[PDB]
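Student: Please find one structure pasted underneath; my questions will follow.
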Protein chains: 2
Amino acid sequence: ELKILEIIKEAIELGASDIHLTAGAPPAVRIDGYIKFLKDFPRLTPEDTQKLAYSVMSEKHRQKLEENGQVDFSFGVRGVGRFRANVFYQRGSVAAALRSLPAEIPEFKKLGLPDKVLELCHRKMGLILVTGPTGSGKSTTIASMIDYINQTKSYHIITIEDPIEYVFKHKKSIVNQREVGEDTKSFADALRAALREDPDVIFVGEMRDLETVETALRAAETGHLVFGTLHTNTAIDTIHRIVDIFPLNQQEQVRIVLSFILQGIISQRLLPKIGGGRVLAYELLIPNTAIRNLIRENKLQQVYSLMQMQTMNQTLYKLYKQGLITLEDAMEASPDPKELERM
Amino acid sequence: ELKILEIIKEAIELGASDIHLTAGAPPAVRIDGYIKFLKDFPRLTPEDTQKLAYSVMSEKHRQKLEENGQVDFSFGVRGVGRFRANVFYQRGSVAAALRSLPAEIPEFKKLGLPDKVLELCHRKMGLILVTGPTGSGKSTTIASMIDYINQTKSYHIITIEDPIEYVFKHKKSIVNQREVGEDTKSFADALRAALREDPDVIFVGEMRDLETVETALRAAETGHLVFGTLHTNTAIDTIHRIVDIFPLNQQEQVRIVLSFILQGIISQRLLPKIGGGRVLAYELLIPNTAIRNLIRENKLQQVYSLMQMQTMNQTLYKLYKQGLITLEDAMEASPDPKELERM
Ligand SMILES: Nc1ncnc2c1ncn2[C@@H]1O[C@H](COP(=O)(O)OP(=O)(O)O)[C@@H](O)[C@H]1O
Ligand SMILES: Nc1ncnc2c1ncn2[C@@H]1O[C@H](COP(=O)(O)OP(=O)(O)O)[C@@H](O)[C@H]1O
């Protein structure tokens, strides 16, 4: 009767985002943001949610659920696509929460970014940054850029992910994708090796460690175009954030580096549309003659003024000068009420 | 059908720099900077890239690919020459990236350095430094110097490398080459022993550690001519860099030492030629009566002024006073626009 290899069917048939298997309820499913218990066939599940859970768990996983009452892993079904699971000892039993992994990568056009971004991928070496609150298109924006490359250039692209969100088909180039925690054990002892694996483009899924940003930066300035992703929210704060987290025995030299190596910056926030709902706000900073020198001299604040590539407001407005984002959401996402309200 | 001992053939036949074996593609190859998939015979490789990988891996290697998802090692084929590999768990499989190791050492003449450099090797003890951005001839410049010696002197030369780039034929002297990570486990507990092995010339491939530079310096001032390689870019900054990284309870005495022991300095940058492409820029500092005393008194900046052996610009120009390096690259490599532009 009960088979996870089939529970996933009725879920993918309804278009669920997440499916949850607990102990007292019948397999559940998250649809349109709601939790609905699919009693369609399965009945209140027994503490043998451990049975279904194993019909997916290897051994380095099943034993891991024992050291600590939980495991975070990804597995693939030849049926539909790939899923992300997280089994854990819930209330003296076993509970699982399978998510879903993107089988297809979006056409950069569909994203929303300008036709300027597709030029960054065409650079030769530097530090392309994509920042925003968790849930703002970062992953997608990156996979569209890394995939645009994989299509038009003859490179060996190397990505260090946790977990591998999007996957890549070998096209005009050879892609190598290592999952931090399954293929290596860190972004460092993986980015460290990326250095000596002849990769043309490196990719760190997350850069919240000194040593990580340390190398992400040493690599960016050694011949490779690296893509990094901080959780900031604006341009000014980004470049600021990375230089600040460095001992002050050369916080300026770092400003110097971040000025010779910074290839681009694109912060994002996913606001709603009076359509289906998704549209994207953002701030794009493409260094020039002045800002380059500015950053180094740290005449920061003043650089924001030269920004006639596009402040977050010249954008928070541009979406409304048409009829998409309402005035309040153009504020509940606006990095500054003051800058706007004058439009 | 598939045999790494043969994949290397078709690669060396095309003159590739790197060859890459991934999982979805057919063995690939990096030619003229490009990634080309040699479908010549091999077909889309199966996850049995682990089979080819092992037809090269010993045991202290195959097991190492298990502790961490990667191994960095060198192996030799009696066919052509020696190669550098780096196998790693890529996307739940195994991926390899074999490079290539120089079978022959260049005639010092072909390098580009003046006829002054070949005199340093003839000194009796001191600290010969070769610095530059990774990719500037350091390895080659050194192997040409260490080999010029091996040819004209009756010495026991000892080199501590990681990895052994160039190899040496016993000529008028006996060469000993230890690979850090295979023969010993460090530049220190290897340079420490070099001290008591009666070597005439010592060689540290990399000196980015206190203890390392500590001994590289204690050895240089104990009777041996040692060759070191920092990643700096100019003379002034070099000697500066090494003294600064020393607790300030005698940063001057260190300046003192670096002034009695500094035998020479030659920073490099590989610029392009309107020919095939490679020509070399550089800054050469051969201490004298003044600079010796200068360094100690730390009247640094002023020493740069006595430099009528050759500033980086008197060079960045000398290449152009002929017709090789264009004016902009004579700047995109120039350690200072100001110093030049007056030529
Ligand atoms: N530019 C965009 N426009 C509309 N929807 C987007 C855009 N970027 C991402 N999304 C959608 O938002 C969701 C999550 O985006 P994602 O990048 O995976 O989160 P994160 O920013 O943490 O990496 C996905 O369902 C994705 O399709
Ligand atoms: N003086 C030079 N002139 C022209 N080409 C050079 C010179 N020195 C090195 N090269 C070439 O540049 C490449 C790398 O130089 P190498 O010294 O091995 O890198 P690194 O500076 O990191 O040690 C090699 O292919 C080498 O033949």
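A note on labels: chains of the structure tokens are A, B, ... as shown, every chain counts residues from 1, and ligands are counted from 1 in their shown order.
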Ligand 1: which residues are within 10 Å, counting only C-alpha atoms and all ligand atoms? Reply as an NGL selection string.

Tutor: :A and (17 or 100-102 or 104-106 or 108-113 or 130-144 or 165-166 or 205 or 229 or 231 or 268-272 or 277-282)

Student: Determine, counting only C-alpha atoms, which protein, DNA and RNA residues have an atom within 10 Å of an atom of residue 221 (chain B); residues of the same chain fewer than 2 positions away are not included. Present the result as number ranges by chain.

Tutor: B: 125-127, 215-219, 223-226, 257-258, 260-262

Student: Would you export the selected residues with C-alpha atoms as a PDB file, in the first residue's frame, please?

Tutor:
```
ATOM      1  CA  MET B 125      76.100  31.979   0.424  1.00  0.00           C
ATOM      2  CA  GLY B 126      73.083  34.275   0.633  1.00  0.00           C
ATOM      3  CA  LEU B 127      69.373  34.687  -0.128  1.00  0.00           C
ATOM      4  CA  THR B 215      65.119  28.891   8.622  1.00  0.00           C
ATOM      5  CA  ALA B 216      65.441  29.881   4.971  1.00  0.00           C
ATOM      6  CA  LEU B 217      67.060  32.892   6.631  1.00  0.00           C
ATOM      7  CA  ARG B 218      68.980  31.005   9.329  1.00  0.00           C
ATOM      8  CA  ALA B 219      70.336  28.728   6.573  1.00  0.00           C
ATOM      9  CA  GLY B 223      77.013  29.062   4.900  1.00  0.00           C
ATOM     10  CA  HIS B 224      74.546  28.070   2.164  1.00  0.00           C
ATOM     11  CA  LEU B 225      73.152  29.789  -0.914  1.00  0.00           C
ATOM     12  CA  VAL B 226      69.386  29.329  -0.664  1.00  0.00           C
ATOM     13  CA  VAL B 257      70.269  40.296   8.382  1.00  0.00           C
ATOM     14  CA  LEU B 258      68.362  40.758   5.147  1.00  0.00           C
ATOM     15  CA  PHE B 260      74.125  41.068   4.934  1.00  0.00           C
ATOM     16  CA  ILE B 261      72.438  38.014   3.422  1.00  0.00           C
ATOM     17  CA  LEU B 262      70.394  39.413   0.519  1.00  0.00           C
TER      18      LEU B 262
END
```

Student: So, with only C-alpha atoms and all ligand atoms as the atoms that count, which of B:99, B:178, B:62, B:296 lies closest to ligand 2?

Tutor: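 Once distances to ligand 2 are computed over only C-alpha atoms and all ligand atoms, the minimum belongs to B:99.
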
Student: Could you list, as a compact mmCIF listing (two decimals) with N, CA and C atoms, in the first residue's frame, the residues of chain B having an atom within 8 Å of chain A when counting only C-alpha atoms?

Tutor:
```txt
# COMPACT_ATOMS: atom_id res chain seq x y z
N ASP B 18 46.19 20.50 -20.61
CA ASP B 18 45.47 19.73 -19.61
C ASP B 18 44.49 18.78 -20.29
N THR B 22 35.66 13.66 -17.02
CA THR B 22 34.52 13.90 -16.16
C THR B 22 33.58 12.70 -16.29
N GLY B 24 29.90 12.85 -17.59
CA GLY B 24 28.96 12.86 -18.70
C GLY B 24 29.59 12.99 -20.08
N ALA B 25 30.77 13.60 -20.13
CA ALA B 25 31.43 13.82 -21.40
C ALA B 25 32.44 12.74 -21.76
N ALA B 28 37.99 14.92 -22.28
CA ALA B 28 38.23 16.25 -22.81
C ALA B 28 39.71 16.64 -22.82
N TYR B 34 41.51 26.41 -24.92
CA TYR B 34 40.15 25.92 -25.10
C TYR B 34 39.91 24.49 -24.67
N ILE B 35 38.67 24.23 -24.26
CA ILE B 35 38.25 22.90 -23.87
C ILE B 35 37.57 22.24 -25.06
N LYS B 36 38.21 21.18 -25.57
CA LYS B 36 37.70 20.40 -26.70
C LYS B 36 37.54 18.94 -26.27
N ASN B 68 38.99 12.53 2.36
CA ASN B 68 38.46 13.75 1.76
C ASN B 68 38.24 13.37 0.30
N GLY B 69 37.22 13.94 -0.33
CA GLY B 69 36.94 13.59 -1.71
C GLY B 69 37.93 14.08 -2.75
N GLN B 70 39.22 13.89 -2.51
CA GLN B 70 40.24 14.36 -3.45
C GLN B 70 41.67 13.95 -3.11
N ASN B 86 44.78 15.20 -10.11
CA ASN B 86 43.98 15.69 -8.99
C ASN B 86 42.58 15.09 -9.12
N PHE B 88 38.98 13.74 -7.71
CA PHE B 88 38.06 14.20 -6.66
C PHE B 88 36.67 13.69 -6.89
N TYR B 89 35.89 13.59 -5.81
CA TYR B 89 34.50 13.16 -5.95
C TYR B 89 33.79 14.38 -6.45
N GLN B 90 33.32 14.28 -7.68
CA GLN B 90 32.72 15.42 -8.31
C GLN B 90 31.25 15.60 -8.01
N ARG B 91 30.39 14.80 -8.64
CA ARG B 91 28.97 14.99 -8.35
C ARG B 91 28.42 13.62 -8.04
N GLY B 92 29.09 13.03 -7.08
CA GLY B 92 28.71 11.71 -6.60
C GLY B 92 29.37 10.67 -7.43
N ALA B 95 36.10 12.46 -10.68
CA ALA B 95 36.55 13.26 -11.79
C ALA B 95 38.04 13.49 -11.63
N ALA B 97 41.70 15.50 -13.31
CA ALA B 97 42.29 16.60 -14.06
C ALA B 97 43.80 16.45 -14.10
N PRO B 133 53.72 37.21 -9.60
CA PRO B 133 52.40 36.61 -9.53
C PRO B 133 52.48 35.19 -10.08
N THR B 134 51.70 34.28 -9.50
CA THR B 134 51.70 32.91 -9.99
C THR B 134 51.50 33.00 -11.51
```

Student: Have a look at CA of residue 60 (chain A) and CA of residue 52 (chain B) and let me know their distance in Å, one decimal.

Tutor: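 Interatomic distance here is 25.7 Å.
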
Student: DSSP on the backbone: which residues in region 21-189 of chain A end up as strand (DSSP E)? Give the answer as number ranges by chain.

Tutor: A: 21, 28-31, 34-37, 70-76, 82-88, 96-98, 126-131, 156-161, 174-179

Student: What does the distance between CA of residue 241 (chain A) and CA of residue 119 (chain A) come to in Å, to one decimal place?

Tutor: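 So the two atoms, CA of residue 241 (chain A) and CA of residue 119 (chain A), lie 25.0 Å apart.
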
Student: Which one of B:67, B:252, B:72, B:107 sits closest to ligand 2 if you count only C-alpha atoms and all ligand atoms?

Tutor: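 Counting only C-alpha atoms and all ligand atoms, the residue closest to ligand 2 is B:107.
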